[PDB]
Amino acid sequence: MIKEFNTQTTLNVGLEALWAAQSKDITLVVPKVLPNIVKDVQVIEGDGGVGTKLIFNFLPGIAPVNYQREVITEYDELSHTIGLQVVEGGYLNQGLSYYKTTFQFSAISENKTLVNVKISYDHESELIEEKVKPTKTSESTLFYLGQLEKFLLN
């Protein structure tokens, strides 16, 4: 049933800094990284592990939705893997019936890190809508990761 797309990016920042930003500090880092997109992010419930509930509030007028609620579905500190599944809003209002993003961080050297991006998705329509193809949604993820790199290196 579930379709999967993978890509990779390499960022010139170290593993621990990236992993902290993407996990325990996500709610304060994301608005600083994406100040023209994300107004704020809250932890609704949970400690950061599986089943933690997050809400991302967006600036209106950019996308067809002004929030997304996410739930953590994987949290592995040894492999530095975190998965976020959309619960409400987000791409569920744009043509998909299921969406999840999983990041896995691997050190290349002290200040260079490989980021694997896995996008899992489904849609009810016989043909997928263009704006929610993973080739397109991954572009936004890569935009974010590059902005995260820029934020951490400052």
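Residue positions are given as counts along the sequence shown, with the first one as 1.
The deposited model assigns a higher average Cα B-factor to 124-132 than to the other stretch when 87-95 and 124-132 are compared. In this entry, 12-20 shows the higher mean Cα temperature factor of the pair 12-20 and 138-146. Across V50, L114, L28, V117, the entry's maximum B-factor at the CA atom is seen for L28. Note on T101, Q104, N36, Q68: the highest value goes to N36, judged by CA B factor as recorded.
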